[PDB]
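This is what each chain is made of:
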Amino acid sequence: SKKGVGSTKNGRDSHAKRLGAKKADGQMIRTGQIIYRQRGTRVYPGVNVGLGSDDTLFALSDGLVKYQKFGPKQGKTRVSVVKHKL
Amino acid sequence: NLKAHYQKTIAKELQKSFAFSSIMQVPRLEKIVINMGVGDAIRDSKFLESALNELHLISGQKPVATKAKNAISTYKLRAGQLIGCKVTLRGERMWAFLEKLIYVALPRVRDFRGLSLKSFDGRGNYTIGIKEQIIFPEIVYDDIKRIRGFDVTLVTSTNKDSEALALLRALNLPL
Amino acid sequence: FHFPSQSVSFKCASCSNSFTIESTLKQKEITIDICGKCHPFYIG
Amino acid sequence: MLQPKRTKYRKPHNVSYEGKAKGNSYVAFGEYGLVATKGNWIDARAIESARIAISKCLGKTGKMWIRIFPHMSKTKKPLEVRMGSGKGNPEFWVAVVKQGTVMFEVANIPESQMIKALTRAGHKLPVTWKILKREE
Amino acid sequence: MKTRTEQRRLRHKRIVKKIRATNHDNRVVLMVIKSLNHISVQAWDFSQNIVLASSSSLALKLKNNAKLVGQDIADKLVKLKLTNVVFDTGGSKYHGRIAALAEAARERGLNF
Amino acid sequence: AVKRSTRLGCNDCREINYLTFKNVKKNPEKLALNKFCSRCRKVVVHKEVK
RNA sequence: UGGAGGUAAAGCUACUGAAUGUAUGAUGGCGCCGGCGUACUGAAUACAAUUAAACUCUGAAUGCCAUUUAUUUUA
RNA sequence: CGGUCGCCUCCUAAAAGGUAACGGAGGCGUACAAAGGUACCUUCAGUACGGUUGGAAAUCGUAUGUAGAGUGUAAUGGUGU
RNA sequence: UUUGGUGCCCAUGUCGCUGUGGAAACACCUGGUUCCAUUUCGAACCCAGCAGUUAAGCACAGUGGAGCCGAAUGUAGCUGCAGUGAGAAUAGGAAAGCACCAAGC
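Presented here is a report on the structure given in the accompanying data block. (Residues numbered from 1 in each chain as written, not as in the entry; some residues may be left out. Chains lettered and ligands numbered in written order. Part of a larger assembly, values for the part shown. Heavy atoms only, no water.)

**Topic: the overall build of chain E**
- Counting its secondary structure elements, chain E contains three helices and four strands.
- The C-alpha radius of gyration of chain E comes to 14 Å, within 12% of the 13 Å expected for a compact globule of 112 residues.
- Seen through its C-alpha atoms, chain E measures out along the principal axes to roughly 45 × 40 × 25 Å.
- For chain E, with 112 residues in total, the buried portion stands at 30%.
- Carbon and sulfur atoms make up 54% of the accessible area of chain E, which amounts to about 7,900 Å² in all.
- Positive and negative side-chain charges of chain E, numbering 22 and 8 respectively, have mean locations separated by a distance of 8 Å. (Helix = DSSP H or I, 4+ residues; strand = E, 2+ residues; numbered from the N terminus. Rg over C-alpha atoms; globule rule 2.2 N^0.38 Å. Buried < 20%, exposed > 50% of the residue type's maximum accessible area, 1.4 Å probe, protein only. Areas by Shrake-Rupley, 256 points an atom, 1.4 Å probe, with all protein chains shown as cover. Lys, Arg positive; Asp, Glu negative; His and termini not counted. Charge placed at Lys NZ, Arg CZ, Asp CG, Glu CD.)

So, in structure tokens, the structure goes:
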């Protein structure tokens, strides 16, 4: 009765890349620090934002973070860092 | 010369035939292309150099290479290896080649009837595919594995097909 | 670039009308004994 | 037994078959439809047996139509095996019938023989049924 | 195919998009246009979509290559005291009368 | 393992100062580069040495 | 207060597969003087209904993130 | 006994993240001195027709199409000048 | 306001069809004399200019053909039979605008 599948098929698994929304609209950000990490481009660089070509979208200036729709059918979300009032 | 005859008399005759108020709407000719390719063999057997020789001695510009848009090898086509050559001729050499084609040596086969039936895609096109190249006078000897004609495909600025018929009939093309 | 082209007098016993505008300069006295006047398709 | 030709995978999830119907509640071609009061699973052999039974007693002018199709695979490991060690093999095909789902629709033949035949065919189904009239 | 005129607009669009994605500095641009029989330039501003100045054949220009198109707007620009702008190659290459325009802009006190 | 990474040397220093990825199955020529040296503090032609 | 989102539900002429009946017929076969009635197979052009964890042209609630505001706090 | 032991992609995974089994699919122990950078030019796969050896499309020209094109590599995301 | 350039937002902005204009301009166009160029072709790019052009791109009138968008009634699922309320379908609209510049004004 104890006799089962030997040489079982793929049961392997990778790790989990800790990405997502590290920041959100409503928190002041220091320059240089990360905002969002993503595999691909589901968020696009708008104004005052640095794009490192390792799937990196970080803040390039000071201010407050906002998210706006864009694209054909609001499929794209562009991150913006609006500057503080002067 | 025949350009000074054409653009002085036949253009006016065509524009009076179909009463038009536009001089650039009449069936005219501004560009022709002649292609070449060897699908029968890829092996360097009087190829890629014989095409250069024949196109230099028949046309007014050197051959230009291009590779296939896909990779189909059921008849041995791999590893890139561009085939054939192309000349998209323009300017005065266009009409020089036209005069060489029409009124020099095409009258060499008794039943040369051309192709006036089923040669239109619908946007003002014409094609002539012949089997012999030695049919021309300006040919060399012992520089070819097997004689093969050059397909000429001419396009114009008129999308309509009736004007293409008028253009072909104005230069006395076979029916 | 490319070898220049020119025209030499065209000769034909069935044409008697020279077709000499621009063929090439590499040859001399282009001549063909059959033309379109004797050819029914190239006649009116 | 209408076996699928090709399938992307081999051992998927079965179904979450509770809740209302995803469709098939409408009657399209037949004059009498056979609806179900709840959902369960239907195996392939039962469908073929019911179809041949309903067609054998059917006349020569009426027409019948099936609204379901087995699209779920199932695993049944052989006997005496322990719990665990991978997944088993496919043994049959299962069609999913949610609540308020119509299975058969028939038309173009007198009504009394049709209600009798639909009863005799639905007796072969695991789920208690109900006759439903042609929708205009 | 294309209209042979939309090509220059496509070049303009792609170049301005690349620049505005890359130009983190805030400088106004000296846009250029080379039509068939005329040329026309505009000192434009981005981040506001407004125009600072323009010089065209419809503006002060005689029958027309010409060098009378470059130094006219540099004095207006220095009157607005910018003197540090970004240049646009337009739908043409940096050649011909465009080079004369660029040199006339450079010489008068503009740093691009 | 499959050794494919090689060194690079400064001809004006005869030291080891660079590590390149140059397999030997398709590149039979030596890499004559122009690399920056922190001892010469400038750009110098660099040859192959290992 | 707004967003980050593809989850149940629904959708399959909006894809990928699967897949049901109506409608016309491609390319082959068959009889035939350049064309054929095609008893045949039957690309899809439109119509009506379906199915999915590795289908998504769409699309919630709860929940998570910070500030606006009030309350308890020395955590 | 069998297999597995490290890493990478997806689903399981329940709309932030993570979240299991001897759960389901797969792969990797790499290549390129240019497939890198810059400037510039430029952009689908197919469909249909036309035609020399050439059928089912080889090669091309033209309308066509809205990514079924490409992306060194298993998959996802992404990218239509 | 006539039209050219023109940015924002990206098929309620478009695809496609029929007609009317281009004075000044914008595109065609005469050509490669030269800067320059082509995997070769003044095709493309670039140079000095108009004999003609409304035919073409652009606009102005109509066209719901395509595509797109889409209310009200109710509707599964949802948090505790009460809020919550999509997708599908449908009335139905839609021939885009918002800004800036220099003339004809």
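Continuing now.
**Quick look at the protein's contact with RNA strand H**
- Neighbouring RNA strand H are 65 residues; A:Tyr44, B:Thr127, D:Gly86, E:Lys2 and F:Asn23 lie closest to it.
- Of all atoms in RNA strand H that approach within 4 Å of the protein, 58% are sugar or phosphate atoms.
- Between RNA strand H and the protein, one listed contact pairs a base oxygen with a side-chain N or O atom of A:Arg12 at 3.1 Å.
- Contacts to RNA strand H include B:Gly129, whose backbone N or O atom sits 3.3 Å from a sugar or linking oxygen. (Near = heavy atom within 4 Å. Polar contact = N/O pair within 3.5 Å; in protein donor to acceptor, adjacent residues only side chain to side chain.)

**Here we look at the interface of chain B and chain C**
- Listed by partner, the interface residues are 26 residues for chain B and 18 residues for chain C.
- Summed over both partners, the interface of chain B with chain C buries about 2,000 Å², with 61% contributed by carbon and sulfur atoms.
- On the chain B side of the contact with chain C, B:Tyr103, B:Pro107 and B:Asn172 bury the most area, a combined 25% of that side's loss.
- Taken together, the links from chain B to chain C amount to zero salt bridges.
- The tally of links between chain B and chain C comes to three residue pairs in polar contact.
- At the level of secondary structure, the elements contributing two or more residues to the side of chain B that touches chain C comprise α2 (50-58) and α3 (91-102) of chain B.
- Top element by residues in the side of chain B that touches chain C is α3(B). It accounts for five residues.
- Of the residues belonging to the side of chain B that touches chain C, the class tally is 11 nonpolar, six polar and nine charged. (Contact = heavy atoms within 4.5 Å. Buried area = accessible area lost by both parts, 1.4 Å probe. Salt bridge = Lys/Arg side-chain N within 4 Å of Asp/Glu carboxyl O. Nonpolar A, V, L, I, M, F, W, Y, C, P; charged D, E, K, R; others polar.)

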